[PDB]
Amino acid sequence: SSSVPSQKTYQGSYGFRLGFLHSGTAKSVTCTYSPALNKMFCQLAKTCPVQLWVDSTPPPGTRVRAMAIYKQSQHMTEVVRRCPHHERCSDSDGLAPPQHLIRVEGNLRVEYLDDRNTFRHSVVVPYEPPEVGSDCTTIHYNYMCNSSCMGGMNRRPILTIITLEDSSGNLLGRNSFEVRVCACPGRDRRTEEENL
Amino acid sequence: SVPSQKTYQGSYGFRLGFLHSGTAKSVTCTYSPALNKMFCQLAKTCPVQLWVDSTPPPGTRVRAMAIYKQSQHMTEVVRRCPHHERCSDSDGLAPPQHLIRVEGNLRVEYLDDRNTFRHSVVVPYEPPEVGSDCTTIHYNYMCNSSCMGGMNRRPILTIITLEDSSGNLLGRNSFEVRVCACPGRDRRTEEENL
Amino acid sequence: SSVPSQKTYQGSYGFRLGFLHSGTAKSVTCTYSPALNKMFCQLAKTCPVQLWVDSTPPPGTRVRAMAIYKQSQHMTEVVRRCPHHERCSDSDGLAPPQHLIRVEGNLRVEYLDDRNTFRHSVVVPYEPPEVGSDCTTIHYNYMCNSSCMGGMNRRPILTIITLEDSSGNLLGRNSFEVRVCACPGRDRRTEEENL
DNA sequence: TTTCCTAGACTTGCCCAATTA
DNA sequence: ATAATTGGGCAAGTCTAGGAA
Ligand SMILES: [Zn+2]
Ligand SMILES: [Zn+2]
Ligand SMILES: [Zn+2]
C-alpha cells in the first residue's frame, strides 16, 4: 500500500521513553494527558510540555523530531496540516511555517522541515540533557489548529510521533501519543475516560 | 482531446488478470468478474496482472489512466479532489494531482499531458520471470469514488495501455473501479443488484 | 448573413446529427428530445454532438456551430451572452467572453465573429470517426441560461451545425433547438407531455 | 420559469463490538 | 491480555419524486 510514516515504539539503545505532566482535569487545564488513552488534550496555541526519558545519554548531535499523522488507516496518506483559516492567521512566531500544526516553544535552535519527497511536515530541536537536578528533558510544543477545524483535521484523531535521531538522521528511538486540540482539555479528557 | 476504452488485445494478445480476493467486509482489493469491476480502498494495494500470448519487444511500457464511465463526464480529466490534493503526500515521485499511483516501482513515470492535461502513470513492461506466467503491477487509488469535488461519486474506468518506447499503441484493456471503504460489502451488493 | 437558413441539408456527404441517450432525470445534465428535436442541458456543462456522415468529407473540412433565435420576430438579432455572464466566462484561452457556444476538448477551436453580421460562431476541424467508430463527436458548452434576462430572455434558440469546406462554402447542414435550464430532465419530460 | 419546500430511501463512510490467532 | 480483522449497524449526507407557491 502507499507507504506512510512509521509509528511503532522503539526504545532504542538509550531506553527512550516519553513522559508527561500529571495535570489533572480541573477546568483551568491548558494541557492534560490521559495515560489510559495515551492521549494528550491541549488548548490551541498553549504550552504542551513533553518529557524525554532516556536511560543513558544519547550521543552528541542528537536531535528530537516531532510529526503528526492521522491515526486512522483510511487517512494515513493525508498530511496533517493546518486548515486554511489557520495557515492564513497571523500567528507566526517568526520561525514556524504557517502550515505546520506543531511548533516548538522557546527554542531558537528549532528547525522545520517540509519533506521534499513525502510532503510531510515536522519540527526538530537539538536533544538536550536533563537540566541538572533533573530527571528528564522537557520540550514545549504548541498545536496550532483545532481538531474540530473543518477543513483541517476535521474531528479526526491525530498521533504525534516523537523520534530520537542521530545528527545524520538515523533512528535512535521512537514513541507516540494521540492528541486532541480543543477548547476544554479537562472536560474532554474526563469525558473520554468516562467512556473508559 | 479524449481517449478510448476500446479493447485491443493486440498482436501480443494483451489480457488482464485479477486475483481471487474474497468478499469480507472491507477487503482491501476485490474484483468482480461479472461486473468487471475493481473494488478497493484508498491507498491500498490494487494488484493488476499482465498476460500476453507473446512477449512484446523491448521499450514496451505500460500505462494506466482513468476516465469517467459516463458519457458527458468523459471529457472531465479525472483527478484528485481539492482537499486530498491539497493535503497530499507523496513518495518522491507521485504528483499530488494524480489519482492513480504505482506502488513499489522506482521506474514509474508520471504524466500530465500538455495538450489534454490528462494524467497517467507509466511503468516499463517487464516480462514475467522464468517460471512465471504473468507480470504484476501494483496500483493505488488516492481518493474514494465518493470524493466530493473529485470523483464526486461518479464511475471511472481504468484503462491499461501497452505501448512502445515510441508511444505506439500495442494493446488495450479496461476495468471499471470503485474506490470505497468496505469494498467487500459493496461488491456483494452491487451483485445482489445483478 | 442576415439570418442564416436553418434548413436541413445532408448534402453530398450524408451529413447527419446524432445524440446521446439519457432519460428525464434531474441528474441528467444534458438530454436530447427526439420528438421535440430539442436538446436540453444546463449552464456550462457538456453537450455531445454526433457528427454522422455517409461519405468521408475531405481533409480541411470544418464544422461550424452558430445559435439563432427561433422566433422570426427575434431572428435578426445576434445571440450573445448576457452582460452579466460576459464579464467572467472567458476561461479556456480560446473562447471569447461574448460567445454563447463553445466547444471543449479541441485544441483547434476557432472563434468567429462576422465583422459584417456580428454573428458568433465556433469552428472546428472535420475529423473522421474513431478507428472502430461510426461517428465523430463534438463537445459543446452553452455559456448562458436561455433565462438570462439581458441575454436570451426566455427565447428559444437553434444551433445550426454546418459542414463546410476550407473556403467556407456550405457542404451539409443540420440544426436543433437548445434549452439551457435548471435540471433539464423534467423540462423535456413535461415539454413532451402537453404534447 | 425558478425557487422551495416536504419528506423517504438510498449511498456511504466509519463506529463499535465480537472475535480471531 | 493483545492487536488485527470482521460484520452489524448507524447516521450524516445525498439525490428522489412531487406538489406550491
Ligand atoms: Zn484550524
Ligand atoms: Zn479525495
Ligand atoms: Zn447569461
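Chain naming here is simple, since letters A, B, ... match the order of the sequence lines and numbering starts at 1 in each. As a basis for the values below, the full set of heavy atoms in this structure was taken, side chains included, without hydrogen atoms, waters or symmetry mates.
Nearest nucleotide to the side chain of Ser27(C), out of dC15(E), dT2(D), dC15(D): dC15(E). Out of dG13(D), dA4(E), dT2(D), the shortest distance to the side chain of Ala181(B) is found at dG13(D). Set against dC15(D), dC14(D), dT2(D), the side chain of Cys181(C) has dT2(D) as its closest nucleotide.
Counting atom types as modelled, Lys25(B) pairs a side-chain N or O with a base atom of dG9(E) as donor and acceptor under 3.5 Å. For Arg185(B) against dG8(E), no side-chain N or O and base N or O form a donor-acceptor pair under 3.5 Å.
The phosphate of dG13(D) has neither OP1 nor OP2 within less than 4.0 Å of any side-chain N or O from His75(A). Within the 4.0 Å cut-off from OP1 or OP2 of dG13(D), at least one side-chain nitrogen or oxygen of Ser146(B) is found. Taking 4.0 angstrom as the limit, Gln41(B) places none of its side-chain polar atoms (N or O) nearer than this to OP1 or OP2 of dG13(D).
For the pair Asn38(A) CG and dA3(E) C1', the computed distance is 15 Å after rounding to whole Å. Separating the CZ atom of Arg187(B) from the P atom of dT6(E) is a distance of 15 Å, rounded to the nearest angstrom. The distance between atom CE of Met149(C) and atom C1' of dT3(D), rounded to the nearest whole Å, is 18 Å. Rounded to an integer number of Å, the gap from CG of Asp187(C) to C1' of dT1(D) is 8 Å.
In this structure, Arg155(C) is positioned above the aromatic face of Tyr69(C), its NZ or CZ under 6.0 Å from the six-membered ring centre and within 45° of the axis.
Summary of the strand contacts: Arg155(A) and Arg188(B) both lie near DNA chain E, and taking for each the nucleotide with the nearest heavy atom, the more 5' one is attributed to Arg188(B).
Looking at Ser34(A) and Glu193(A), their side chains do bring a donor and an acceptor atom within 3.5 Å of each other.
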